[PDB]
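Coming up is one lone chain in structure tokens, specifically the form deposited in one PDB entry.
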């Protein structure tokens, strides 16, 4: 138990969510964003040992739990992946809400049907609900999150990528992370496992180039000023779904889930274009066939605050409240071990350059 961490290993519809429940020292920071920055700046080897081979792998994802800081929250959470720390994550939020109830972190009131679980994240407060299985104490049927405010940021941004991709037109939207949203048709490849390595490559190229050429800034959270995810979308395979997508992020890893923050950013974009009404269910499919359900539950304009998309004819920037629903499973309870003489105590990747 020398250097050890305890993990609730979960997945949300195929996407990993390794929830680290114990093992950290005190992490300085007066909010969750500072605690994230502390880990990144001072203890990044932890993320690497927990996320990467041999203990993890190139498409691993997870989070560290903390005591809540913000008033009203049940749990503090910092997300991590193979390349860095996202400000929010829908699939891991869904998993954390589920684990909080299944493992007893949060109590179930007698005869409750739904149990609130509020997450204090680097992007803000995420209000979750675990929907209980009919005849049970704490068995979770599925879980919903009300995301932090999402918004379209900038439209029809032309990004110049090298051959074979060339010029590509994207939207930038915020769904807890900044996304570039791009039709797969523009990249000349369809969403499939056959194309997954090219989709990864195309997503890395796109992210790199837009962060070079376009400076983004969340108007309410100064620390959010990069595009961290690329959402590549196209026509659905499952007739229950409106669209399919794959999100590329981290060290060009791919989300196996439909991506909760990416679903929020998509819904905000569609809502801004008049294509979704309040309460309307949007169903996003993943590369694996997984589904998430979203609804926009509210909109607001914020006078005197604008983003590049905001027209002069509008009073202020449009933001929306998105709810995302999906299902997570506990797939293990792990005690992770780090022997000081282990040459890969800090993990490794064989992913090309």
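Residue numbers count along the first chain shown, from 1. Rigid core: the largest C-alpha set superposing within 1.5 Å between the two forms.
One more form of this protein should be noted, the form deposited in another entry, which is absent from this view; the next part is about it.
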task = Once the rigid core is lined up, just say which one of 250, 149, 76, 128 has a C-alpha that travels 2 Å or more between the shown form and the other one.
result = 250
message = After superposing the rigid core, is the C-alpha displacement of residue 160 2 Å or more between the shown form and the other one?
response = yes
message = After a rigid core superposition, would you say the CA of residue 204 moves by 2 angstroms or more between the shown form and the other one, or not?
response = yes
request  = Indicate whether residue 67 shows a C-alpha shift of 2 Å or more between the shown form and the other one, with the rigid core used for the fit.
outcome  = no
message = Given that the shift is 3 Å or more, do the Cα atoms of residue 313 and residue 177 end up closer or farther apart in the other entry than in this form?
response = closer
